[PDB]
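Q: once you've seen the sequence and the experimental structure below, I've got questions.
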Amino acid sequence: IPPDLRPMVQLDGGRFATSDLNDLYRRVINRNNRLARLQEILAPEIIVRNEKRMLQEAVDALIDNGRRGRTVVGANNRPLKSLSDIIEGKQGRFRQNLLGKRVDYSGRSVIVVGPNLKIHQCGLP
Amino acid sequence: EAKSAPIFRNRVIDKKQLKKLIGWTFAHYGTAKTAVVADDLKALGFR
Amino acid sequence: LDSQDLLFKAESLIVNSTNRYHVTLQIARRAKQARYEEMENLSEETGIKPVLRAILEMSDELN
RNA sequence: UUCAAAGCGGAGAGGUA
(Lines give C-alpha, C1' and ligand atoms only; values in the text may rest on other atoms or scores of the structure.)
Protein backbone atom coordinates (compact mmCIF):
# COMPACT_ATOMS: atom_id res chain seq x y z
CA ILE A 1 0.00 0.00 0.00
CA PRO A 2 1.29 3.55 -0.63
CA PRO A 3 3.11 5.03 2.36
CA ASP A 4 0.72 7.92 3.15
CA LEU A 5 -2.07 5.46 3.94
CA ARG A 6 0.19 3.95 6.64
CA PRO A 7 2.00 7.03 7.98
CA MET A 8 4.42 7.59 10.85
CA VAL A 9 3.22 10.01 13.53
CA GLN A 10 5.27 11.63 16.29
CA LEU A 11 3.95 11.81 19.84
CA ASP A 12 4.46 14.77 22.20
CA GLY A 13 7.60 13.49 23.94
CA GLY A 14 9.42 12.69 20.71
CA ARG A 15 8.36 9.03 20.60
CA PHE A 16 6.99 7.45 17.43
CA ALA A 17 3.58 5.80 17.11
CA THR A 18 3.89 3.58 14.05
CA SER A 19 0.96 1.77 12.46
CA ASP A 20 0.14 -1.93 12.70
CA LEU A 21 0.62 -2.55 8.97
CA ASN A 22 4.32 -1.71 9.17
CA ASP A 23 4.96 -4.51 11.68
CA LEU A 24 3.18 -7.09 9.51
CA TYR A 25 5.05 -5.97 6.38
CA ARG A 26 8.35 -6.11 8.30
CA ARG A 27 7.65 -9.66 9.48
CA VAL A 28 6.79 -10.79 5.94
CA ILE A 29 9.91 -9.22 4.44
CA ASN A 30 12.24 -10.58 7.13
CA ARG A 31 10.94 -14.14 6.78
CA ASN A 32 11.11 -13.95 2.98
CA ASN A 33 14.72 -12.75 3.04
CA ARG A 34 15.74 -15.44 5.53
CA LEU A 35 14.09 -18.19 3.47
CA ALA A 36 15.78 -16.98 0.28
CA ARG A 37 19.15 -16.94 2.03
CA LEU A 38 18.64 -20.50 3.29
CA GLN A 39 17.63 -21.66 -0.19
CA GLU A 40 20.83 -20.14 -1.58
CA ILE A 41 23.16 -22.15 0.71
CA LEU A 42 21.36 -25.45 -0.05
CA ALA A 43 20.37 -26.04 3.56
CA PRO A 44 18.79 -29.30 4.77
CA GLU A 45 15.21 -29.59 3.59
CA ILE A 46 13.67 -30.18 7.03
CA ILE A 47 14.57 -26.58 7.99
CA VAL A 48 13.49 -25.10 4.65
CA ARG A 49 10.03 -26.58 5.26
CA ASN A 50 9.86 -24.88 8.67
CA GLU A 51 10.76 -21.57 7.05
CA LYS A 52 8.09 -22.07 4.38
CA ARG A 53 5.41 -22.81 6.99
CA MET A 54 6.38 -19.71 8.98
CA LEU A 55 6.23 -17.57 5.82
CA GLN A 56 2.75 -18.91 5.06
CA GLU A 57 1.59 -18.02 8.56
CA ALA A 58 3.10 -14.53 8.27
CA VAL A 59 1.38 -13.71 4.98
CA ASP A 60 -1.88 -15.15 6.32
CA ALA A 61 -1.62 -12.90 9.40
CA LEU A 62 -1.00 -9.88 7.17
CA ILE A 63 -4.06 -10.58 5.00
CA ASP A 64 -6.41 -11.44 7.89
CA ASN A 65 -5.43 -11.75 11.55
CA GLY A 66 -6.89 -14.55 13.65
CA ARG A 67 -9.05 -16.17 10.96
CA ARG A 68 -7.37 -19.58 10.62
CA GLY A 69 -4.78 -20.02 13.36
CA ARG A 70 -3.70 -17.88 16.30
CA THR A 71 -3.90 -14.11 16.61
CA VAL A 72 -0.64 -12.17 16.39
CA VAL A 73 -0.26 -9.83 19.38
CA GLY A 74 1.97 -6.77 19.41
CA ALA A 75 3.35 -4.64 22.23
CA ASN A 76 0.57 -5.41 24.71
CA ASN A 77 -1.55 -8.56 24.51
CA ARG A 78 -3.90 -6.76 22.09
CA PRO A 79 -4.22 -7.95 18.48
CA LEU A 80 -2.76 -6.07 15.56
CA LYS A 81 -5.00 -4.50 12.92
CA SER A 82 -4.81 -6.29 9.56
CA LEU A 83 -5.98 -5.28 6.08
CA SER A 84 -9.47 -6.75 6.50
CA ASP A 85 -10.12 -4.89 9.77
CA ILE A 86 -9.87 -1.59 7.87
CA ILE A 87 -12.99 -2.24 5.78
CA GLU A 88 -15.14 -4.77 7.62
CA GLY A 89 -16.36 -3.35 10.92
CA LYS A 90 -18.84 -0.76 12.08
CA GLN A 91 -15.85 1.55 12.57
CA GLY A 92 -14.48 0.53 9.17
CA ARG A 93 -14.14 2.71 6.11
CA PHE A 94 -17.58 1.97 4.63
CA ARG A 95 -19.75 3.06 7.56
CA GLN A 96 -17.46 5.74 9.04
CA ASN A 97 -15.90 7.61 6.11
CA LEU A 98 -18.14 7.01 3.08
CA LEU A 99 -21.74 6.91 4.36
CA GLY A 100 -21.20 9.81 6.78
CA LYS A 101 -18.48 12.45 7.21
CA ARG A 102 -17.45 15.61 9.04
CA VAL A 103 -18.15 18.91 7.29
CA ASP A 104 -17.14 22.58 7.28
CA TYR A 105 -19.22 25.68 8.08
CA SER A 106 -20.93 24.00 11.02
CA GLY A 107 -21.41 24.68 14.72
CA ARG A 108 -23.14 23.45 17.87
CA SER A 109 -24.63 25.01 21.01
CA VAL A 110 -27.32 24.80 23.70
CA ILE A 111 -30.93 25.78 22.95
CA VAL A 112 -33.27 28.02 24.95
CA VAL A 113 -36.87 29.04 24.32
CA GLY A 114 -37.70 32.10 22.30
CA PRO A 115 -41.20 33.51 22.32
CA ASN A 116 -42.00 36.56 20.17
CA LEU A 117 -40.31 34.68 17.31
CA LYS A 118 -42.31 33.68 14.27
CA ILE A 119 -42.18 30.13 13.01
CA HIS A 120 -39.52 30.04 10.22
CA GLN A 121 -37.25 32.23 12.41
CA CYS A 122 -34.42 31.32 14.76
CA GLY A 123 -32.00 33.20 16.99
CA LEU A 124 -28.30 32.77 16.26
CA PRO A 125 -25.61 34.11 18.62
CA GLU B 1 -58.05 28.76 -0.63
CA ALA B 2 -60.56 31.31 0.69
CA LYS B 3 -64.29 32.15 0.94
CA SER B 4 -65.04 29.71 3.80
CA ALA B 5 -66.23 31.67 6.83
CA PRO B 6 -65.35 30.18 10.24
CA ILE B 7 -68.08 28.88 12.53
CA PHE B 8 -68.61 30.57 15.91
CA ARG B 9 -67.51 27.83 18.33
CA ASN B 10 -69.63 28.48 21.43
CA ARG B 11 -68.02 25.82 23.61
CA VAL B 12 -64.96 25.00 25.70
CA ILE B 13 -61.68 24.54 23.82
CA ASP B 14 -59.42 21.63 24.81
CA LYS B 15 -56.60 20.07 22.77
CA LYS B 16 -58.93 18.10 20.48
CA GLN B 17 -60.76 21.25 19.39
CA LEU B 18 -57.45 22.96 18.62
CA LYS B 19 -56.30 20.02 16.50
CA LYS B 20 -59.64 20.04 14.66
CA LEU B 21 -59.38 23.78 14.00
CA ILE B 22 -55.83 23.46 12.65
CA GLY B 23 -56.90 20.63 10.34
CA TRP B 24 -59.88 22.60 9.06
CA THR B 25 -57.72 25.66 8.38
CA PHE B 26 -55.18 23.60 6.43
CA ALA B 27 -57.90 21.88 4.40
CA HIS B 28 -59.66 25.11 3.44
CA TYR B 29 -57.09 27.95 3.37
CA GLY B 30 -53.63 26.55 2.59
CA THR B 31 -50.25 26.08 4.23
CA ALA B 32 -49.29 29.71 4.91
CA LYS B 33 -52.48 30.70 6.75
CA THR B 34 -52.23 27.77 9.17
CA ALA B 35 -48.89 29.10 10.44
CA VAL B 36 -50.42 32.54 11.09
CA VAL B 37 -53.42 31.06 12.90
CA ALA B 38 -51.20 28.85 15.05
CA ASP B 39 -48.97 31.80 15.99
CA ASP B 40 -51.99 33.89 16.98
CA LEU B 41 -53.36 31.07 19.14
CA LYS B 42 -49.95 30.62 20.79
CA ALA B 43 -49.78 34.33 21.64
CA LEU B 44 -53.32 34.35 23.07
CA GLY B 45 -52.74 31.27 25.21
CA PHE B 46 -49.41 32.50 26.56
CA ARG B 47 -51.01 35.84 27.43
CA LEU C 1 -41.39 43.94 1.21
CA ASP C 2 -42.07 41.52 4.07
CA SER C 3 -41.09 37.94 4.81
CA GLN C 4 -44.77 36.97 5.10
CA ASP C 5 -45.41 38.26 1.57
CA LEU C 6 -42.50 36.15 0.32
CA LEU C 7 -43.94 33.10 2.10
CA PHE C 8 -47.35 33.61 0.48
CA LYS C 9 -45.76 34.16 -2.94
CA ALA C 10 -43.68 30.99 -2.65
CA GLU C 11 -46.78 29.01 -1.67
CA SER C 12 -48.62 30.40 -4.71
CA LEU C 13 -45.67 29.40 -6.91
CA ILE C 14 -45.78 25.84 -5.54
CA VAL C 15 -49.42 25.55 -6.65
CA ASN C 16 -50.03 25.92 -10.41
CA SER C 17 -47.01 23.71 -10.94
CA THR C 18 -47.95 19.98 -11.30
CA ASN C 19 -44.55 19.06 -9.78
CA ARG C 20 -42.86 20.21 -6.59
CA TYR C 21 -39.30 19.29 -7.64
CA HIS C 22 -39.52 21.03 -11.03
CA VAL C 23 -40.20 24.56 -9.75
CA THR C 24 -37.11 24.68 -7.51
CA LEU C 25 -34.88 24.02 -10.53
CA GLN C 26 -36.56 26.78 -12.55
CA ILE C 27 -36.18 29.23 -9.66
CA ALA C 28 -32.50 28.33 -9.29
CA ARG C 29 -31.86 28.77 -13.02
CA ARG C 30 -33.59 32.16 -13.04
CA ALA C 31 -31.66 33.30 -9.96
CA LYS C 32 -28.29 32.27 -11.42
CA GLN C 33 -29.10 34.01 -14.70
CA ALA C 34 -30.12 37.22 -12.92
CA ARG C 35 -26.99 37.31 -10.76
CA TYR C 36 -24.75 36.66 -13.77
CA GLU C 37 -26.44 39.31 -15.92
CA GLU C 38 -25.99 41.77 -13.05
CA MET C 39 -22.21 41.83 -13.93
CA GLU C 40 -22.74 45.20 -15.64
CA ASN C 41 -21.34 47.74 -13.17
CA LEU C 42 -24.64 49.57 -12.76
CA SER C 43 -25.92 47.74 -9.63
CA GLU C 44 -29.56 47.44 -10.70
CA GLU C 45 -31.44 46.96 -7.39
CA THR C 46 -28.59 44.98 -5.86
CA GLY C 47 -30.34 45.22 -2.48
CA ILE C 48 -32.53 42.18 -3.13
CA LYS C 49 -30.96 38.73 -3.14
CA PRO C 50 -31.15 36.73 -6.40
CA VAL C 51 -33.47 33.98 -5.13
CA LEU C 52 -36.04 36.41 -3.72
CA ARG C 53 -35.82 38.43 -6.94
CA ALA C 54 -36.52 35.30 -9.00
CA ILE C 55 -39.49 34.43 -6.78
CA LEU C 56 -40.92 37.95 -7.12
CA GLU C 57 -40.49 37.98 -10.91
CA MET C 58 -42.04 34.54 -11.39
CA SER C 59 -44.96 35.49 -9.14
CA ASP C 60 -45.52 38.67 -11.16
CA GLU C 61 -45.48 36.66 -14.39
CA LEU C 62 -48.22 34.46 -12.91
CA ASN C 63 -50.68 37.38 -13.26
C1' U D 1 9.80 35.23 -7.79
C1' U D 2 9.16 30.96 -3.35
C1' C D 3 5.76 28.88 1.80
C1' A D 4 4.80 27.60 5.74
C1' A D 5 4.65 26.32 10.37
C1' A D 6 0.59 23.84 13.29
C1' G D 7 -1.82 19.51 12.80
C1' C D 8 -1.72 14.69 13.85
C1' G D 9 -3.10 7.60 15.59
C1' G D 10 -4.70 3.89 19.13
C1' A D 11 -6.54 1.92 24.06
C1' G D 12 -9.14 2.40 28.70
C1' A D 13 -12.54 5.08 32.28
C1' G D 14 -16.52 8.42 33.27
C1' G D 15 -20.49 11.93 31.92
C1' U D 16 -24.83 14.99 29.15
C1' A D 17 -29.21 14.64 26.05
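A: Arrived safely, thanks for sending. Numbering: from 1, shown residues only, chains lettered A, B, ... in the order given.

Q: can you tell me how far residue A:12 is from chain C?
A: Remark: distance between residue A:12 and chain C (CB to the nearest CB, to the nearest Å) = 48 Å. All C-beta spots, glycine's among them, are computed from the backbone N, C-alpha and C.

Q: what sits closest to whatever residue of chain B ends up closest to chain A if chain neighbours are left out?
A: Of all residues in chain B, residue B:35 sits closest to chain A, at 5.4 Å by CB to the nearest CB. In this structure, residue B:35 finds its nearest non-sequential neighbour in residue A:119, 5.4 Å apart by CB to CB, 6 or more residues apart in numbering or on different chains.

Q: quick check: the one you found touching residue B:38?
A: Yes. Under the criterion of CB atoms under 8 Å, residue A:119 makes contact with residue B:38 at 7.3 Å.

Q: so for the two, which residue has more residues nearby?
A: Each of residue A:119 and residue B:38 has its neighbours counted (other CB atoms under 10 Å in any protein chain shown); residue B:38 has more, 15 against 11.

Q: what helix or strand is the more buried one located in?
A: helix B:33-46 (DSSP states H and E).

Q: next up, the contacts around residue A:123.
A: A:114, A:117 (CB atoms under 8 Å, 6 or more residues apart in numbering or on different chains).

Q: which SSE is it in?
A: Using DSSP H and E, no helix or strand contains residue A:123.

Q: torsion angles phi and psi at it?
A: Per-residue torsions, residue A:123: phi -110, psi 120 (degrees, to the nearest 10).

Q: distance check, it against chain B.
A: In terms of CB to the nearest CB, residue A:123 sits 16 Å off from chain B.

Q: just the strands from chain A, written as ranges.
A: A:9-10, A:16-17 (DSSP state E).

Q: show residues contacting the first one.
A: Put plainly, it is strand A:9-10. A:16-18.

Q: residue A:47: which of those is nearest?
A: Among these, residue A:18 lies closest to residue A:47 (CB to CB), at 31.3 Å.

Q: next up, the contacts around the closest one.
A: A:8-9.

Q: again, only this time at 6 Å
A: Residue A:18 makes contacts with residue A:8, as judged by CB atoms under 6 Å, 6 or more residues apart in numbering or on different chains.

Q: I'd like the distance between residue B:28 and residue B:37.
A: 11 Å (CB to CB, to the nearest Å).

Q: in chain A, what residue lies closest to chain C?
A: For chain A, CB to the nearest CB, closest residue to chain C: residue A:120, 7.1 Å.

Q: secondary structure element for the most centrally placed residue in chain C?
A: Compute the mean C-alpha point of chain C, and by CA atoms, centre = their mean the closest residue is residue C:54, 1.7 Å away. Assigned by DSSP H and E, residue C:54 belongs to helix C:50-61.

Q: could you point out the longest helix in chain C?
A: helix C:20-37 (DSSP state H).

Q: show me what it is in contact with.
A: C:17, C:50-51, C:53-54.

Q: kindly recompute the last result at 7 Å.
A: C:13-14, C:17, C:50-51, C:53-55, C:57-58 (CB atoms under 7 Å, 6 or more residues apart in numbering or on different chains).
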